[PDB]
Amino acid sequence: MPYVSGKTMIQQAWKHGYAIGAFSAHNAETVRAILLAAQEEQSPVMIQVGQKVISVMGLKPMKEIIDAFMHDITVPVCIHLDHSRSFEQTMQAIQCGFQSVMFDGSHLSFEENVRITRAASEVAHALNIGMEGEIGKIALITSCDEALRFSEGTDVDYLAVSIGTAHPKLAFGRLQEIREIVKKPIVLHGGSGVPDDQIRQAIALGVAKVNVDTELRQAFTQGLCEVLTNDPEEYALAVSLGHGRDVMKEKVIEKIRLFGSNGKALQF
């Protein structure tokens, strides 16, 4: 489609000093809210399929729902598997044509995280798919050495580290050091619990992908409640879930602007 590899998309954002919003989708309205936001803002975007939606809707059905809503979309879109803890699941996402995957081995030993992430990375790189991995430790902030050893052992395109969020004060100095030593884009997890000003500075220092989930569901739910609070007998899902969608679309737009990706679709 106008689907683009996550490797290409993130590296471009990192090179040009902005980030890609990685927006978690959970159903039809939420997928559409993200895509319409991106199209209006002329922004590249990632749509994340994470573990919660996979347990509810299925991985391959969500992929197919995204495909269904791409009919009128011309901006760069990358479908990303979020926080996989299974080599098998990661392979399923690769097989149904995702453009980016994350194997999160941060719960494993350093050696095993590296070994499985690396094995997934070799498959992704064979098929032009972006690869994300994550490390915590090998005091609670990842060291340059740990980040470099992880990056080199796995060949991930982009990496998440322990930088001061939780799944909050960002370790800006550390992030700066990581850009110079590791020389790869950084992914922020748990960024919704951090102020906007801090987000902007993290991106200036090398964060090129920012995960957004709860904040979108909060905006969606707030739209729903507002309609149904006013009128509990409003039975048109077009109106109730529709307003949720509009309020979530506005949130996505707000994030796109924060991240600096508005207007960047021309660059691809």
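Start at 1 with the first residue shown and count on from there.
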(message) So residue 138 and residue 139 are neighbours in the shown sequence, but is anything from the deposited sequence left out between them? Give the count as none, 1 to 3, 4 to 9, or 10 or more.
(response) 10 or more
(request) Count up the deposited residues without coordinates from residue 167 to residue 168 and drop the result into none, 1 to 3, 4 to 9, or 10 or more. (result) 4 to 9
(request) With reference to the PDB entry, specify whether the mean Cα temperature factor is higher for 187 to 195 or for 117 to 125. (result) 187 to 195
(request) Determine, for stretches 45 to 53 and 220 to 228, which one has the higher mean CA B-factor as deposited. (result) 220 to 228
(request) Going by the CA temperature factor in the entry, name the top one among 239, 207, 212, 65. (result) 239
(request) For residue 60, return the chain-relative third of its C-alpha B-factor as stated in the PDB record: lowest, middle or highest. (result) lowest
(request) Within this chain's modelled residues, let me know which third the CA B factor of residue 267 belongs to: lowest, middle or highest. (result) highest
(request) Could you say whether, by C-alpha temperature factor, residue 148 belongs to the lowest, middle or highest third of its chain? (result) middle
(message) Where does the C-alpha B-factor of residue 177 rank in its chain, lowest, middle or highest third?
(response) middle
(message) What third of the chain does residue 13 rank in for C-alpha temperature factor, lowest, middle or highest?
(response) middle
